[PDB]
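Letter by letter, the chains look like this.
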Amino acid sequence: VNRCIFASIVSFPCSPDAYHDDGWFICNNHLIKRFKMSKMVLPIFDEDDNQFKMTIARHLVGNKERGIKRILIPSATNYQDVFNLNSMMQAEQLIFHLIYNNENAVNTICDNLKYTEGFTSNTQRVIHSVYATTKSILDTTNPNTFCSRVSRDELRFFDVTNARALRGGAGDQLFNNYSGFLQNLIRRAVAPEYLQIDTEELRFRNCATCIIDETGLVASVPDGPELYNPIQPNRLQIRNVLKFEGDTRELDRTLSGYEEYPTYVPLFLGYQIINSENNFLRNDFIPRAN
Amino acid sequence: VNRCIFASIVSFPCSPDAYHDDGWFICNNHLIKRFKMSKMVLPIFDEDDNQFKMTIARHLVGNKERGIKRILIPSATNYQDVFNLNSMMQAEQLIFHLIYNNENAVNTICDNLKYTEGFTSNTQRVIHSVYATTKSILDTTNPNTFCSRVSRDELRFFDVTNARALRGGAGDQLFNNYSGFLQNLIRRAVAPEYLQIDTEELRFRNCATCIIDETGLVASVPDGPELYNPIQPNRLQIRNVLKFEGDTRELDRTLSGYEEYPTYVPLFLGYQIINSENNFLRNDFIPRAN
Amino acid sequence: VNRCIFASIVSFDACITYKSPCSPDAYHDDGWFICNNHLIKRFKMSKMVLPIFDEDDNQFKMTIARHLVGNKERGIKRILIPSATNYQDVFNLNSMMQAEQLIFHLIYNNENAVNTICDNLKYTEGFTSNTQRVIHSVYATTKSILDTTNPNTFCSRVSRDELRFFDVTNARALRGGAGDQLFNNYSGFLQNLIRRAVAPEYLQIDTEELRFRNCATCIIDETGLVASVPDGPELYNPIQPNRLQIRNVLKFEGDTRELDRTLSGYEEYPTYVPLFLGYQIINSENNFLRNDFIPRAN
Amino acid sequence: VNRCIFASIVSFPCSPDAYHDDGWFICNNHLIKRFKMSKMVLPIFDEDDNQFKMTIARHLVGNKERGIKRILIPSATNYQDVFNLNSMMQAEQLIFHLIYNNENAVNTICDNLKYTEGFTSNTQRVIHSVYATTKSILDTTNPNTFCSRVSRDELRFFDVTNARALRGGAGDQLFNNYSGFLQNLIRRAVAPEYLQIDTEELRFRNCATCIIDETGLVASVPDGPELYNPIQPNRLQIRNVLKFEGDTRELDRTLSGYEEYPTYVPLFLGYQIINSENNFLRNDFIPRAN
Ligand SMILES: [Zn+2]
Ligand SMILES: [Zn+2]
Ligand SMILES: [Zn+2]
């Protein structure tokens, strides 16, 4: 079925994770390519050897990158600047306009293809098929659609200042302006700092690794320098690369046995309040509204 | 050769990684048993694939544990209260008193066992063998030895307020009161938040997971609730486990393919300033004092 | 013969036998008195030959060096051959071997440091046997190289046929400059190293000016032989086990296969940046054709 | 294919690089013979052993030449004086008038051939074959055509005073007036002093060996004396060569091993800007207009 938003890309690369019903509705290949994220899972173990897996993502922004280059999911206002849509294929640009609820851009995309001779020669069929698949996925991920199955069990607040009072701050207000698909992406990628299951409160990370502002979900720590994150044909791209000159064969030989702690930067931000009457363990992806 | 300080425990259990020349000079089994840490490695990757490994430890204290239960490596003042040395074997008490450079307790331990009938034969030899092994390990880890290969190469500060100015805080001056073995343990367990290799500064974690206090190495976050870390045959104990009640097989099957991000809480604290001229990649484990 | 100033390198302690990492080109009597590998290691350069063709095919070949420092390097890292004042700071002599410290302290004529070097080793028991001979052999080889290079030797082959100036403001009038007066402060070996490593902008064989390069790629300053351009950003120059040092490597992500295959048989212009600086007047009665090394003082 | 410009020369010798589609459209022999330049590759490297072949062109003007003898690519105004194109065969003169877009010269050439007895009998088939071939090659090099496969990702400014501000100057203003083929030749031959790929700027040579003025791309250096560059049948030459009378036959043996730095004067002038989106590594000869 290939439940990925960028699956319907054809002239007018999906990873095998698209077939899985994870709820992301995007594959890790496309996630890395577009939103500078790599999907992971957060095994929230119990004291007893029982567990439940919560989706998480690691941002792929380097330490030296600054400014717009640190934005993972831009807002609807500035998604044209971050993504450089004109470089992408017209199908990708149409899908991105749909994802960010840009009706005018979608209309312009449709209009510029009308002047083509072949638009009615099976090209309109392709455009409408891509649009229909993308809109079906969006409606699947949108709680506001007609007769939409929605879950009110989990309250997700991206501002922990007053989260325990069952209310959010400015960050959660900006989160509501997002589309349903982007809200789902941020909910899945950004695992909460605090997960309050019933009365119990669990804290996974000391402080946030990302911030939501007018520029969207930004892969920047709230204070201080940014964390050290180590990471198209016929395109000349030049990147500054940190390199260690020393020989490290003997060090890896000595420290081989011990378990390795990843140097990735997982996306942690906000508060999650799972209600006592929750169905959080279902595997059907009922979209969640805060 | 079992290079574990607690491998000499004998009446008057070491993991296989003790034999490895990791530099901890303590096995993972004994680290878990005594200091509430499990040895790990931190693979520091380039922007290329070349990597070098640093040793870190993940503390095993719970969310609900408060007070002395959160101390990982207690100070010389309060290590008596934290460890409850009476329960463990007298050889273990001798090793601990040698670790904390408490001469009066060592002398009392020697005096108490002098009155036994078997002290002269097959006991004093054992106590002196334990003493010699512990003292050799201490001298290996002590930079103030007669001819010690001390290293001014890496400047490891445990306070980042004035660390960039090559100064230290209160925690750093409290760190110097520790013995050679304890200083080596804290260096090999408490990873640096920042690793300023030459001019380049690499921030490994946004916030510190532990703080050095008057009570010792405390596994307490600087602010907010403590992080969620889920973890004597005849002794009766109560754990108050936080059981998770629900069916998670379906969810675990759904999210199987994706890489698992560990839920462990590692020890990140302080600032490491590696000098331009360094011999970091050696595996000889020279004391490496500040 | 291995006429490399660092070919005398050896571990003073006889327990460790340290072979000299010396390039095969050191045995040549070119006049560098330093091997390619040692000039790559210290005094960051690569020994090159600059063939100055005549108008016809017959040619005479000069020696020049290309500084290996990068674009991003600033401050001390820019200096290739430091001045005698700050050569200790630039080189970090503590990390180097004792033979290297001795050679470098002799190169800059720092007698106090050399006396200190032998004072530190005078205390050990092994100094009397199998180490005094080693230190004296290193000193003798370095002193012989310096004296061969020194124009102030007892009977030196000092040659005034070719005049080499390092300031071009008034070099046509055979007058020196601030950089040249700083150049005279260097010892003989450093002067020859700079002369063989730096080529003039305006060669002036007889009265025939021969401008090698438009603008200088190096400047002699108070800090030393600086690999810094006179103005603007620095030139783009692409470029010890158990040591962990950052690199900041710049990487190209393109395919480059089709572009490389496109231009197959076209002579490749090098990207190397050689040291061009000064004004080497040559007299009508010169003897530049000779192959025997000479100090070549002003 | 013989894509060279003067390949079609018959009455109304190219080095085997005419068949190669390197985008030059003129053989190295024909470049030397016509424009006093040469074909050489400038392999811009990086810290990693990788490269992309950008093309350079040494100029063949000697040290002592003055005035119009130093010009490599004269302007459309004074190409009659600089080139003495009349002396060449009428095919070469016609193709040169084609290159500089002089319709009066071309149709005067046509008028002269009309009165010949052979024009109506198998001569127009030659002159218009030459005209059509050369106009086709020019249009392939000309960016502004009906169907323009132009690339606007890169920007070339031959004036560096305000080049970093994405503007040009007098030199670039006089540069735009050139023909498509002439602009292509100046672009390919003259490598930029500064190559700003994305945000990182690379400087290859300190000073501009060639200066653009009204007389054309002049080999003269902007300051000081000219650089030292050592290099028609039945026409004896009053030619002056340099007198190096030394032996210089064993000194080469003393310096045979080392690598030889070429004494060729390359063609450096101006500042080239490349954006993040670029297709430089393609071999389709994007006309690359400004
Ligand atoms: Zn996909
Ligand atoms: Zn053990
Ligand atoms: Zn050598």
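Residues numbered from 1 in each chain as written, not as in the entry; some residues may be left out. Chains lettered and ligands numbered in written order. Part of a larger assembly, values for the part shown. Heavy atoms only, no water. Residues with missing side-chain atoms left out of burial classes, pairs and counts.

Header annotation of the entry names cryo-EM as the structure determination method and lists the resolution as 3.06 Å.

Engineer: Lay out the overall build of chain A in plain terms, naming residues and giving numbers.
Structural biologist: Regarding its fold elements, chain A presents 8 helices and 10 strands. The C-alpha atoms of chain A give a radius of gyration of 21 Å, which matches the 19 Å a tight globule of 290 residues would have. Along the first, second and third principal axes, the C-alpha atoms of chain A reach 65 × 55 × 35 Å. Residue burial in chain A is summarised as follows: out of 290 residues, 58% are buried. Accessible area of chain A: about 12,600 Å², with a carbon and sulfur share of 47%. Averaging the locations of the 30 positively and 34 negatively charged side chains of chain A gives two centres separated by 6 Å. (Helix = DSSP H or I, 4+ residues; strand = E, 2+ residues; numbered from the N terminus. Rg over C-alpha atoms; globule rule 2.2 N^0.38 Å. Buried < 20%, exposed > 50% of the residue type's maximum accessible area, 1.4 Å probe, protein only. Areas by Shrake-Rupley, 256 points an atom, 1.4 Å probe, with all protein chains shown as cover. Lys, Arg positive; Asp, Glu negative; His and termini not counted. Charge placed at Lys NZ, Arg CZ, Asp CG, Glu CD.)

Engineer: Lay out the coordination of the zinc ion (ligand 2) with the relevant residues and their values.
Structural biologist: All names here are of chain B. For the zinc ion (ligand 2), the full set of protein donor atoms is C4 (SG), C14 (SG), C27 (SG) and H30 (ND1), and the range of their distances to it is 2.1 to 2.3 Å. Between the 4 donor atoms coordinating the zinc ion (ligand 2), the angles at the centre fall across 84 to 125 degrees, so the site counts as irregular. Across the pair, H30 and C27 agree in class, each one buried. (Donors = N, O, S within 2.8 Å, 3.2 Å for Na, K, Ca; no water. Tetrahedral: all angles 85-135°; square planar, octahedral: opposite > 155°, others 65-115°.)

Engineer: Could you give me a rundown of the sheet that holds strand β6 (residues 200–203) of chain D, with the residues and numbers involved?
Structural biologist: Residues and elements named next belong to chain D. The mixed open sheet is built from 4 strands, whose spatial order is β4-β10-β5-β6. Bordering the open sheet on either side are β4 (154–157) and β6, each of which pairs with just one other strand. The mean angle between the axes of side-by-side strands here comes to 15 degrees, regardless of whether they run parallel or antiparallel. Across 4 bridges, the pairing between strand β5 (residues 194–197) and β6 is antiparallel. (Pairing = 2+ DSSP bridges. Axes fitted to C-alpha atoms, helices over the stretch in contact; angles between N-to-C directions.)

Engineer: Residues and numbers for the relation of the copies chain B and chain A, please.
Structural biologist: Overlaying chain B with chain A gives an RMSD of 0.4 Å, the required rotation being 180 degrees about an axis along which the chain moves by 0.1 Å. In short, the pair behaves as if placed about a two-fold rotation axis. Residues of chain B ranked by C-alpha distance from the rotation axis are headed by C207 of chain B, positioned 3.1 Å from it. A shared interface surface links the copies, since 98% of the contact residues of chain B are contact residues in chain A too. (Least-squares fit on C-alpha atoms. Contact = heavy atoms within 4.5 Å.)

Engineer: Give me the interface of chain C and chain A: which residues, what numbers.
Structural biologist: The interface is formed by 16 residues belonging to chain C together with 14 residues belonging to chain A. Across the chain C/chain A interface, buried area totals approximately 1,500 Å², and carbon plus sulfur atoms make up 53% of it. Looking at the side of chain C facing chain A, the largest losses of area belong to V249, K251 and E253 of chain C, adding up to 31% of the total buried there. Taken together, chain C and chain A are joined by 0 salt bridges. In this structure, the connection of chain C to chain A is made through 9 residue pairs in polar contact. Here strand β9 (residues 238–241) of chain A pairs with strand β10 (residues 249–252) of chain C via 4 bridges, running antiparallel. In the sheet register, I238 of chain A faces β10 of chain C, and the bridge partner there is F252 of chain C. (Buried area = accessible area lost by both parts, 1.4 Å probe. Salt bridge = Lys/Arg side-chain N within 4 Å of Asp/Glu carboxyl O. Polar contact = N/O pair within 3.5 Å; in protein donor to acceptor, adjacent residues only side chain to side chain.)

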